[PDB]
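The block underneath contains the structure these notes are about, expressed in structure tokens.
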Amino acid sequence: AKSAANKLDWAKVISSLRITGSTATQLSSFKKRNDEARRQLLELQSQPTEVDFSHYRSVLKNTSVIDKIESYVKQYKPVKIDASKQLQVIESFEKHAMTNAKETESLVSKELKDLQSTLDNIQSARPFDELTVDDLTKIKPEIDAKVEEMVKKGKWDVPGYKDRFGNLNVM
Amino acid sequence: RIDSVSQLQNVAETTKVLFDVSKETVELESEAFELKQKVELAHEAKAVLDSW
């Protein structure tokens, strides 16, 4: 139905809520909804192409003009001819869209499983019931790099030791 | 981080659906134009016929 298109549209407006940097995608969607609603009211407004000639010709007694406008109406009966213009623009659009869609999909799926693995890595191995600076130096040489930079700096106060880790002192 | 990732996963498939759907709808309005010219011709004819 039309309701499938529109349900997916408004669901996607509310999905577009859950993504930023897409502040006018939904405004395009709103326009598509508008004109979709417009074509149905256009179609409901309709005056059927044919003239009435059952009643409304037998009404006129001066009839020599109802045959005229009947023939003019039936002459210009393909009043406007067929259009499918969305077949070159829709396919091109679909290619760029598809490419990007699959890229995004694959990227976020990949990240999900990467994070799953990382979460598992933190749980089953973690030195925290025994931790030596040798173990942190071994897993991160960032430790020694920062230590060396601090010795070079000639400042032996580092906030990070007293900023959550204790600092009891006699004074 | 997983929470952030999950929103995007569901989006990635479904957005491709709306993208298509919107363009599909636009095609329907083209055909609606054909109707509009039909509507006009009838109205004009009815009006003249009313005058007669």
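Following the order of the structure tokens, first chain is A, next is B, and so on, with residues numbered from 1 inside each chain and ligands from 1 in the order they appear.
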
With only C-alpha atoms considered, list every residue of chain A at most 6 Å from chain B, as a PyMOL selection string.
chain A and resi 39+46-47+49+79-80+86+101+105+108

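Going from CA of residue 18 (chain A) over to CA of residue 99 (chain A), you cover 21.5 Å.
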
For residue 134 (chain A), work out the shell of residues within 10 Å, counting only C-alpha atoms and skipping chain neighbours fewer than 4 positions away, then give it as an MDAnalysis selection string.
chainID A and resid 138:140 143:144

Filtering to N, CA, C and O atoms, could you give me those residues as a JSON list (two decimals), in the first residue's frame?
[["chain", "number", "residue", "atom", "x", "y", "z"],
["A", 138, "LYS", "N", 55.62, -3.76, 29.73],
["A", 138, "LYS", "CA", 55.65, -4.76, 28.69],
["A", 138, "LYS", "C", 54.50, -4.67, 27.73],
["A", 138, "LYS", "O", 54.67, -4.94, 26.54],
["A", 139, "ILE", "N", 53.29, -4.28, 28.20],
["A", 139, "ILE", "CA", 52.16, -4.25, 27.31],
["A", 139, "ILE", "C", 52.05, -2.88, 26.68],
["A", 139, "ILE", "O", 51.51, -2.75, 25.59],
["A", 140, "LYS", "N", 52.63, -1.84, 27.31],
["A", 140, "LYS", "CA", 52.62, -0.50, 26.79],
["A", 140, "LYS", "C", 53.98, 0.09, 27.05],
["A", 140, "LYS", "O", 54.32, 0.32, 28.21],
["A", 143, "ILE", "N", 54.25, 3.75, 28.92],
["A", 143, "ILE", "CA", 54.64, 3.91, 30.30],
["A", 143, "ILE", "C", 56.03, 4.46, 30.40],
["A", 143, "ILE", "O", 56.23, 5.52, 30.97],
["A", 144, "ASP", "N", 57.03, 3.76, 29.80],
["A", 144, "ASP", "CA", 58.42, 4.17, 29.87],
["A", 144, "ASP", "C", 58.66, 5.46, 29.14],
["A", 144, "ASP", "O", 59.51, 6.23, 29.57]]

For the structure I just gave you, how does DSSP split region 2-127 of chain A - specifically, which residues are alpha helix (DSSP H)? Reply as an MDAnalysis selection string.
chainID A and resid 2:16 25:45 56:59 66:75 89:124

Near region 65-70 of chain A, counting only C-alpha atoms, which residues have an atom at most 9 Å away, once you skip same-chain residues fewer than 2 positions from it, shown as a VMD selection string?
(chain A and resid 50 to 53 56 to 57 60 62 to 63 72 to 75) or (chain B and resid 45 49 52)

May I have the residues within 12 Å of residue 167 (chain A) as a count of residues only, using only C-alpha atoms and disregarding those fewer than 5 positions away in the same chain?
6

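We find CA of residue 35 (chain A) and CA of residue 12 (chain A) to be spaced 17.7 Å apart.
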
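Computed from the coordinates, the CA of residue 156 (chain A) to CA of residue 132 (chain A) distance equals 20.4 Å.
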